[PDB]
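Written out below as structure tokens is the structure these notes cover.
The numbers here are math on the coordinates, done by the rules we state, and not lab data. Positions of Cβ are backbone-derived with ideal geometry, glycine not excepted, and every protein chain shown enters the neighbour counts.
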Amino acid sequence: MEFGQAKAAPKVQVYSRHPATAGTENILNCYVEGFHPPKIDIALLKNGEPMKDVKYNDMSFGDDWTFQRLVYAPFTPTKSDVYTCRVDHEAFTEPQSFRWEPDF
Amino acid sequence: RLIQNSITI
Amino acid sequence: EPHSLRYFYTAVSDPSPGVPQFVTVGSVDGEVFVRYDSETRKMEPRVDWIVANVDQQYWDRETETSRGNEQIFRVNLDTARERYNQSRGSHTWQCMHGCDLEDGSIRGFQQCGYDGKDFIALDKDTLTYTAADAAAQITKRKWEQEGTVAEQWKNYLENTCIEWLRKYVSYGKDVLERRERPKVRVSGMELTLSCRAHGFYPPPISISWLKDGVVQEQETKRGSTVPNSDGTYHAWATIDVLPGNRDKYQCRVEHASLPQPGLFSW
């Protein structure tokens, strides 16, 4: 971060391991990068509910000191279920939700 | 492997 | 074909969920292979190839080094707070070091940051430290006056680091030198065309949109290349077009697993 900058907002992508086929097992990914400080809440949600067996990879950081983390969970997407990654960080005024776009 | 014998600022 | 070894060190004054007081992460070619924190208090493997190729003494030594670093980083946080005349609060101390092996030549670096801003960095060519501000100038004088710090770092980065990188690349060759083909899908809404590439390795990739064979650089929006959980990668490119022009467009995907660039239509 630049001198006199306090914090940096997360940039977020939500994507599946494989192209989405409704009814086929897949993995849901939420990758969050470019944030500081490292304190963050990253939540994978199915219809607003916390998903089973979410895993959180170790954090890395770039030359600008900002952090990155992959968060993922196994899932079986359908035509009707709504999958989001909700991210709360002090550089957001309120938690931000990022919707997975299936593109079946 | 990690460098050993690090120093405080 | 190029290779790198990186160590990422993060200490905080106020830990939080997923953020221990002190973490060290090691990575080879951008893949995490070892990790230590102040809670487990041991260096632990994060990939199969490391455990299968080092002895117990490796783990014991990395653990011992990390246990000592934890203490050093606690002091750095206190000292930094005092240097900047700060009250008790949430603060971050980070250091990163590493080496690159590329086409006969080597690169090395060591840099530390406070609250996400530069603090001090090694200038390996002159064996001096580059201070970001007046607070860091005190550290510059201390490290330079010590008289062996810069030298030890040069030795480490130019010899030890590179020697171990060569070993790690050899241990993880089946993983690190493999190629996996992107599975590609094209989509569309309203018209925004989307070209998504799934599960490729290595990370370098080029996804372009073509109108009647013509590259549309100024029109192509791209995400950052991001990892999947299994160490493969994901990338996408989109383009905004007129809904009547749909069939003029193709997505070109260049990647090391593809002898020829792949072409895809919606």
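Counting just the residues of region C:211-227 that are within 15 Å of the chain's Cα centre (by Cα) and within 18 Å of C:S194 (Cβ to Cβ), which one comes out farthest from the other protein chains (Cβ to nearest Cβ)? Write out each step before concluding.
Just the residues of region C:211-227 that are within 15 Å of the chain's Cα centre (by Cα), to begin with: C:224-227.
Still in the list and also within 18 Å of C:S194 (Cβ to Cβ): C:224-226.
Details: C:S224: 7, C:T225: 10, C:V226: 4 Å.
Among those residues, the one meeting the criterion is C:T225.
Which residue is nearest to A:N29 (Cα to Cα), if the candidates are limited to region C:230-246 and must be aliphatic (A, V, I, L, M) and in contact with a strand residue (DSSP E or B) (Cβ under 7 Å, 6 or more places away or on another chain)? Checking each candidate, the answer is C:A235. For region C:70-86, a residue qualifies if it is outside any helix (DSSP H, G or I) and either hydroxyl-bearing (S, T, Y) or within 9 Å of chain B (Cβ to nearest Cβ) (or both), and exactly one does: C:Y84.
Give the residue that is surrounded by the fewest Cβ atoms within 10 Å (Cβ to Cβ), with candidates limited to residues of region A:31-58 that are part of a strand (DSSP E or B) and of a type in the set (D, E, K, R). Even if it seems obvious, please write down each step before you answer.
Just the residues of region A:31-58 that are part of a strand (DSSP E or B), to begin with: A:31-36, A:41-46, A:49-50, A:55-56.
With of a type in the set (D, E, K, R) added as a condition, the list becomes A:33, A:41, A:46, A:49, A:55.
Numbers: A:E33: 20, A:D41: 12, A:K46: 18, A:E49: 9, A:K55: 12.
The selected residue is A:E49.
Kindly state which helices (runs of 4 or more DSSP H) lie completely within region C:97-190 and contain at least 2 residues that are closer than 23 Å to C:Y233 by Cβ and of a type outside the set (K, R). Reasoning before the result, please.
Numbers: elements: C:134-146, C:149-155, C:161-171, C:173-176.
Filter on region C:97-190 gives C:161-171, C:173-176.
Scan region A:10-30 for residues that are surrounded by 16 or more Cβ atoms within 10 Å (Cβ to Cβ), of a type in the set (A, V, I, L, M) and more than 8 Å from every other protein chain (Cβ to nearest Cβ) and the total you get is 4. Residue by residue through region A:41-86, note down the ones that are of a type outside the set (G, A, S) and on the phi > 0 side of the Ramachandran plot. Residues satisfying the conditions are A:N47, A:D53, A:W65.
When region C:169-188 is filtered for residues that are more than 20 Å from C:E254 (Cβ to Cβ) and of a type in the set (V, I, T), the ones remaining, listed by number, are C:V169, C:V175. Only residues that are surrounded by fewer than 15 Cβ atoms within 10 Å (Cβ to Cβ) and not small (G, A, S): list them for region C:223-257, please. The answer is C:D230, C:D240, C:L242, C:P243, C:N245, C:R246, C:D247, C:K248, C:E254. Taking each residue of region A:47-61 that is within 30 Å of C:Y7 (Cα to Cα) and looking for partners that are surrounded by 12 or more Cβ atoms within 10 Å (Cβ to Cβ) and of a type in the set (D, E, K, R) with beta-carbon atoms closer than 6 Å, six or more apart or interchain, yields A:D58/C:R35; A:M59/A:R69. Can you name the residue in region C:96-129 that is more than 21 Å from C:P2 (Cβ to Cβ) and of a type in the set (S, T, Y) and, of all such residues, is nearest to the other protein chains (Cβ to nearest Cβ)? Taking the candidates together, the pick is C:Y114. Can you name the condition, by its number, that C:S194 falls short on among (1) surrounded by 18 or more Cβ atoms within 10 Å (Cβ to Cβ); (2) of a type in the set (S, T, Y); (3) assigned to a helix (DSSP H, G or I)? Checking C:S194 against (1) surrounded by 18 or more Cβ atoms within 10 Å (Cβ to Cβ); (2) of a type in the set (S, T, Y); (3) assigned to a helix (DSSP H, G or I), the one that fails is (3).
You will find that of A:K52, A:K7, the residue that is farther than 21 Å from C:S229 by Cα and touching a strand residue (DSSP E or B) at 6+ places or on another chain (Cβ under 8 Å) is A:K7 and no other. Annotation: of all residues in region C:130-149 being among the basic types (K, R) and over 18 Å from C:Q94 (Cα atoms), the one that is nearest to the other protein chains (Cβ to nearest Cβ) is C:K142. Residue count for region C:39-67 satisfying the condition of being within 13 Å of chain B (Cβ to nearest Cβ), surrounded by 13 or more Cβ atoms within 10 Å (Cβ to Cβ) and part of a helix (DSSP H, G or I): 10.
Evaluating A:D88 against the criteria (1) closer than 17 Å to C:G18 by Cβ; (2) at the interface with chain C (Cβ under 9 Å from one of its Cβ atoms); (3) among the acidic types (D, E) leaves one unmet condition, (2). Is it the case that some residue within region A:41-50 is within 11 Å of chain C (Cβ to nearest Cβ) and within 16 Å of C:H234 (Cβ to Cβ)? Within region A:41-50, none of the residues are within 11 Å of chain C (Cβ to nearest Cβ) and within 16 Å of C:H234 (Cβ to Cβ).
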